[PDB]
Each structure stands twice: as structure tokens, then as C-alpha cells.
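Trainee: Provided herewith is a single structure, encoded as C-alpha cells, for subsequent inquiry.
Please note: Cβ atoms are built from the backbone with ideal geometry, for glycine as well, and neighbour counts cover all protein chains shown. Just so it is clear, none of the values below were taken in a lab; they were calculated from the coordinates.
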Amino acid sequence: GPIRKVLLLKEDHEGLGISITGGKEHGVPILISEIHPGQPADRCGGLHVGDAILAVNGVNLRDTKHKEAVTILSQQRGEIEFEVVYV
Amino acid sequence: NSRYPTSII
């Protein structure tokens, strides 16, 4: 599908509210496998199961290993911009 | 199990 830019607002006591799978070491993008109900990703409205996370706050995630992506994603605070695509 | 590892974040 088309590449989308999506804004997520997270409070500091929260996680993102997603499960991710995949990573470069598996030859698969960082993929959203779960959107947890009521948590920030669900609330933002624009992130969905099956979306590949291409970048977050300008950090490319296309070639990142799984754990690299976890570190990068979990670092982000407040108003967080995602670049995603549903394939 | 997921096809590949999964992390909740």
C-alpha cells in the first residue's frame, strides 16, 4: 500500500502498545503483529496489524535487527512520528 | 509461536 506518516502521542508511564516481530536478521521488516487495546498505538488511530514500520522519528528501521528496533522504538517519548506501510 | 521472535513494546 502507500507509505503513510502517522502521529502517536504517548505519556511517559506508558509503552507504545504494540507487538513487533521480524527484523533484518530474519530477512523480514519490523512488522506490527498486535495493537493492544486502549494503549497509545490503538488510540492514535493510524497504526494497524500488518503494518511495516519503516522509520520512527526519522530513524530508518528498514535494515534494523529485531533488538535494535526494540531499543530505538522504546527510546521515543511524547509525540512520536511513524512512517509505515501495509503490504 | 510467531514465525519470528516477538516483543511487546
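Trainee: If we count GluC sites (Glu not before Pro) as exposed when they sit in a DSSP loop and have at most 16 other beta carbons within 10 Å, what is the longest stretch of chain A that avoids them all?
Mentor: It runs A:15-87.
Trainee: OK, next. Rg and Dmax of region A:19-65, using alpha carbons, in Å: what are they?
Mentor: 11.0, 31
Trainee: Let me ask something else. Pairing the Cα long axis of helix A:66-75 with the longest principal axis of chain A, what angle in degrees results, from 0 to 90 and rounded to the nearest 10?
Mentor: Long axis of A:66-75 versus the principal axis of chain A: about 30 degrees.
Trainee: How far apart, in nanometres, would the label points at A:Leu7 and A:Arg62 be if each is projected 7 angstrom from Cα along the Cα-to-Cβ direction?
Mentor: In this crude label model, A:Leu7 to A:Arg62 measures out at 2.5 nm.
Trainee: Let me ask you something else. Which of the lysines could a cross-linker bridge to A:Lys24, judged by Cα under 23 Å and excluding same-chain residues fewer than eight apart?
Mentor: A:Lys5, A:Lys65, A:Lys67
Trainee: Can you give the percent of C-alpha pairs in chain A whose distance is more than 22 Å?
Mentor: Every Cα pair in chain A considered, those over 22 Å come to 14 percent.
Trainee: State to the nearest 20 debye the size of the charge dipole of region A:36-87 about its Cα centre, where the only charges are +1 on K and R beta carbons and -1 on D and E beta carbons.
Mentor: 160
Trainee: Please sort by residue number the trypsin sites (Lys or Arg not before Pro) in chain A whose DSSP state is loop and whose Cβ has at most 16 other Cβ atoms within 10 Å.
Mentor: A:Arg62, A:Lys65, A:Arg77
Trainee: Quick check: residue separation of A:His26 and A:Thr71 times 0.36 nm, minus the Cα distance between them. What number comes out in nm?
Mentor: Going from the current span to full extension adds 14.5 nm.
Trainee: So, one more: Give the residue from A:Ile53, A:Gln39, A:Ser74 lying farthest towards the positive end of the charge dipole for chain A; charges sit on Cβ (+1 for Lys and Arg, -1 for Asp and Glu) and the dipole is referred to the Cα centre.
Mentor: Ranked along the dipole, the leading option is A:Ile53.
Trainee: Let me ask something else. Determine the relative contact order of chain A: mean sequence separation of Cα pairs under 8 Å and six or more apart, normalised by residue count, in whole percent.
Mentor: Relative contact order, chain A: 40 percent.
Trainee: Another one. Fewest first, what order do A:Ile3, A:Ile30, B:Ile9 take by the number of other Cβ atoms within 10 Å?
Mentor: A:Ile3, B:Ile9, A:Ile30
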